[PDB]
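Every chain is numbered from 1, with letters handed out A, B, ... down the list of sequences. Just so you know, these numbers use all the heavy atoms, side chains as well, and skip hydrogens, waters and symmetry mates.
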Amino acid sequence: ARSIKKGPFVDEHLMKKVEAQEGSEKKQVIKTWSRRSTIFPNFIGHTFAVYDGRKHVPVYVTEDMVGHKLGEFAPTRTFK
Amino acid sequence: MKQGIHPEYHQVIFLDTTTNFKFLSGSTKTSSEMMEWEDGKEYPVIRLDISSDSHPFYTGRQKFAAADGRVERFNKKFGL
Amino acid sequence: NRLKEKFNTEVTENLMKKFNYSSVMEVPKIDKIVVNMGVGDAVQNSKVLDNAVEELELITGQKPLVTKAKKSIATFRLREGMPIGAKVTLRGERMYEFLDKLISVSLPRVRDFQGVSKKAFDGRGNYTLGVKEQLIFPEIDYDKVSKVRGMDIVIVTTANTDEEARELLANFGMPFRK
Amino acid sequence: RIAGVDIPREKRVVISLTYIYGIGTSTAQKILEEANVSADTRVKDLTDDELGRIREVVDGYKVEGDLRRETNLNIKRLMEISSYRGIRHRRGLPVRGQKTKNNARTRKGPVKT
RNA sequence: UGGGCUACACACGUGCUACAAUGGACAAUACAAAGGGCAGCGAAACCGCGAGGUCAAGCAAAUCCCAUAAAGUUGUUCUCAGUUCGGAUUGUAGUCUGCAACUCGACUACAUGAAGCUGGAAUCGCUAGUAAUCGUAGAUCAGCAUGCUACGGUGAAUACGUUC
Ligand SMILES: [Mg+2]
């Protein structure tokens with residue numbers, strides 16, 4: 001949430017899915033329709049298959065990507 | 001040196017106002033202000049805003065702290 | 001002779017210890033400094049070269065030698081024997097005074113100064129420095145200068161290798177980018 | 001000369017300070033207040049002690065090359081991470097969600113009928 | 001559920017804001033109308049640079065609140081330039097609404113500071129409280145208006161005439 005008082009927004013299903021994956025080193029792809037969810041520090045190293053409206057596109061979190069939404073890294077429109 | 005072909009060149013005191021550093025070197029600059037030196041002579045004074053002593057790169061002083069990492073800023077901003 | 005005094009005493013001691021020179025004569029020294037300004041704009045306007053000459057005369061304190069084109073090049077609209085540059089050679093006391101000022105005052109005045117390049121050596125222990133503007137030099141005044149112009153400063157050292165040259169310049173206190 | 005910039009001598013120092021990158025009207029008014037240097041005094045009529053006082057304060061603010069370098073890195077970061085904003089920076093199209101069917105000339109440059 | 005309707009080499013219509021000194025900034029100081037409001041309008045006070053936040057009075061209305069009109073007037077300053085004009089763009093840090101502002105909201109702060117020097121051919125509106133100019137309100141509506149529909153303030157020039 002843009003207001004600081006409210007925390008960064010993450011869908012519970014996304015966060016819970018990542019939190020379960022914490023234990024094992026060999027992480028697996030997380031399919032999500034949550035373009036709106038924030039990328040937390042915990043997300044680092046994970047590959048999220050974010051829906052583009054037609055297909056889930058592989059998105060691999062890096063340190064810089066934290067603080068940006070998952071939607072930001074998967075395009076919805078195609079030009080040239 | 002050929003006579004009359006070169007610009008007038010005289011010893012002048014270069015002073016770093018910031019750090020009060022005085023050094024004597026030749027220049028064609030003429031200063032109305034004149035200052036005494038360790039040797040029994042008075043030379044025109046050139047005032048420098050910055051010098052080797054004052055300049056940050058030379059000193060190695062860090063005026064501004066390095067930019068925080070994306071993980072760091074996220075945690076600090078929301079207090080998490 | 002502050003820079004010379006350092007060289008004679010402090011710098012000589014450091015270099016001879018560092019490279020185990022058998023004789024004092026072996027110790028490297030700066031033979032000359034040449035400041036070169038290329039003014040292809042002079043072809044278009046003679047005044048541009050004249051303004052440059054004045055600036056170099058002020059910076060070095062000696063009248064520059066106008067440089068004339070060796071050959072004609074059509075692309076540059078250059079004709080052989082046309083004046084397209086000015087050079088000054090600084091030696092002895094004048095050289096040390098200029099060099100001390102460069103490190104002490106002119107180089108600090110450089111905008112967004114992050115140190116000088118360490119890779120600017122010919123491989124024969126000779127260093128060339130390029131200045132973006134002549135405004136950095138203290139004598140030059142911004143009002144007086146119509147056009148900001150860069151300069152090439154070549155520092156010729158007796159040092160055979162760059163590493164020995166780097167040590168000499170570092171001992172002089174020349175900033176390096178690292 | 002302040003922060004590596006030869007500010008206009010003729011103008012009042014409140015305005016002259018704004019000719020430095022990283023300093024605008026608001027910042028300039030603050031820096032003069034901290035230095036206790038008048039806004040009205042022209043730079044030509046500024047005093048050496050006053051100039052030093054101003055220089056201390058301006059050193060406090062990130063300016064010129066320091067700020068320019070920071071801004072570029074943030075944009076370079078966006079481009080590297082393949083952010084939507086970053087991609088639009090690469091394409092030279094409006095980054096902040098403005099419509100491109102019409103206008104967008106400042107970002108797109110002159111018309112290419 | 002997510003995306004699109006928000007695409008962007010371009011062409012056109014309708015608007016908005018400017019290109020400054022009949023102005024810009026800053027300070028002090030006047031004068032409206034027409035509307036809206038129940039779980040909605042929200043005062044005062046305190047806090048924040050501000051957008052806002054907190055607490056909470058009154059008020060289902062000629063009572064209370066939105067809500068101090070603005071242009072204006074009187075000073076101070078700038079001094080004819082891409083500027084102390086203009087404010088696009090972009091960075092960063094925020095506020096608010098909402099389930100959630102990535103695609104794709106509005107607003108604020110700081111910085112940044114584009115084109116633009118009054119517009120070719122051509123073309124539009126208006127005969128008086130009109131045009132021009134300045135603010136104000138409402139519907140829709142969680143939020144979201146340079147649009148729309150209303151409102152008042154200041155307030156002109158010109159019309160010989162009917163060949164075209
Ligand atoms: Mg539509």
*When you check the phosphate oxygens OP1 and OP2 of E:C10, does a side-chain N or O of D:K112 lie under 4.0 Å from one of them?*
yes

Checking E:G91, E:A9, E:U89 against the side chain of D:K108 (C-beta onward), the nearest is E:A9

**Report entry** Span that lies between the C1' atom of E:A142 and that of E:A100, in whole angstrom
**Finding:** 13 Å

Just checking A:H46 against A:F43, ring centres under 6.0 Å apart?
no

> Counting only side-chain N and O atoms of D:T27, is one of them less than 4.0 Å from OP1 or OP2 of E:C110?
Replying inline: no

B:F74 CZ to E:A93 P, in whole Å, measures 13 Å

### Query
How far, in whole Å, is E:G50 from E:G23 if one measures between their P atoms?
30 Å

With north for a positive and south for a negative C1'-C2'-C3'-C4' torsion, E:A70 lands north

The nucleotide from E:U89, E:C104, E:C8 with an atom nearest the side chain of D:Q98 is E:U89

Self-check item: Planes under 30° and centres under 5.5 Å for E:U63 and E:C64
Solution: no

To the nearest angstrom, the CG-P distance between D:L73 and E:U92 comes to 11 Å

E:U74: by the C1'-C2'-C3'-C4' sign convention (positive north, negative south), the sugar is north

Rounded to whole Å, the NZ-P distance (D:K30 to E:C110) equals 6 Å

Quick one: are the six-membered base rings of E:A81 and E:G82 within stacking range, meaning centres under 5.5 Å apart and planes under 30 degrees?
no

**Item:** Whether C:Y96 and C:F172 hold their rings parallel, tilted or perpendicular, with breakpoints at 30° and 60°
**Value:** tilted

From CZ of D:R68 across to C1' of E:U90 the rounded distance in Å is 14 Å

Sugar of E:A128, judged by the sign of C1'-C2'-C3'-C4' (positive north, negative south), puckers south

Checking E:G4, E:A100, E:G91 against the side chain of A:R36 (C-beta onward), the nearest is E:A100

Residue pair D:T25/D:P94 against RNA chain E: nearer the 5' end by closest nucleotide is D:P94

Secondary structure of RNA chain E per the Watson-Crick/G-U criterion (both distances under 3.5 Å; [ ] crossing, | other strand, . unpaired) is ..................(...(((((((.....(((..((...(((....)))...))....))).....)))))))......(....(((((((........)))))))....)..)............(((((((.........)))))))..........

In whole angstroms, the gap separating P of E:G53 from CD1 of A:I4 amounts to 16 Å

Taking OP1 and OP2 of E:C102, is either one under 4.0 Å from a side-chain nitrogen or oxygen of A:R77?
-> no

E:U146: pucker by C1'-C2'-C3'-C4' torsion sign, positive meaning north and negative south, is south

### Task
Check whether any side-chain nitrogen or oxygen of D:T106 sits under 4.0 Å from OP1 or OP2 of E:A115, and answer yes or no.
no

Query raised in the report: According to the definition of ring centres under 5.5 angstrom and planes under 30 degrees, are E:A132 and E:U133 stacked?
Result: yes

Gap in Å between the two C1' atoms, one belonging to E:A69 and one to E:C151, rounded | 12 Å

When the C1' atoms of E:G42 and E:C59 are considered, how many whole Å apart are they? 9 Å

Base of E:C96 paired with side chain of A:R2 (donor-acceptor, under 3.5 Å):
no

Exercise. Determine, stepwise, if the pair B:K29 / C:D141 fulfils salt bridge (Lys or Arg N to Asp or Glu O under 4.0 Å).
Key: CA-CA 10 Å; B:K29 203 69 170 183; C:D141 293 0; 2.7 Å; yes

Among E:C99, E:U92, E:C104, the one nearest any side-chain atom of D:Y84 is E:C104

Please classify the nucleic acid contact of A:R35 as base, sugar-phosphate, or nothing, using heavy-atom distances under 4.0 Å. base

Checklist entry - When you compare E:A60 with E:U127, how far apart are their P atoms, in angstrom units rounded to a whole number? => result 47 Å

Practice item. Check whether any side-chain nitrogen or oxygen of D:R88 sits under 4.0 Å from OP1 or OP2 of E:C8, and answer yes or no. Key: yes

Sorted by position of nearest nucleotide on RNA chain E, 5' first, the leading residue of A:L70 and A:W33 is A:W33

With the threshold set at 4.0 Å, does a side-chain nitrogen-carboxylate oxygen contact exist between C:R111 and D:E64? yes

Whole-Å distance, A:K5 NZ to E:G94 P, equals 14 Å

Whole-Å distance, A:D52 CG to E:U1 P, equals 18 Å

Given the cut-offs of 5.5 Å for six-ring centres and 30° for planes, are E:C126 and E:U127 stacked? no

*Would you state whether a donor and an acceptor, one from the side chain of D:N102 and one from the base of E:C12, lie under 3.5 Å apart?*
yes

> So, is A:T76 near the phosphate of E:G4, with a side-chain N or O under 4.0 Å from OP1 or OP2?
Replying inline: yes

Requested in this report: Would you tell me if any nitrogen or oxygen in the side chain of D:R96 comes within less than 4.0 Å of OP1 or OP2 on E:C104?
Outcome: no

Does the side chain of D:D6 reach to within under 4.5 Å of the side chain of C:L135, using non-hydrogen atoms?
-> no

Distance between the P atoms of E:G91 and E:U112, in whole angstroms?
16 Å

Checklist entry - E:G40 on E:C41: ring centres under 5.5 Å and planes under 30 degrees? => result yes

Distance check, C1' atoms only: E:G13 and E:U76, in whole angstrom units. 47 Å

The correct pucker label for E:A60, given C1'-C2'-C3'-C4' positive equals north and negative equals south, is south

From CD1 of D:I87 across to P of E:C102 the rounded distance in Å is 16 Å

Expected list for residues 8-23 of chain D near RNA chain E, using heavy atoms below 4.0 Å, is D:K11, D:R12, D:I15, D:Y19, D:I20, D:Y21, D:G22, D:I23

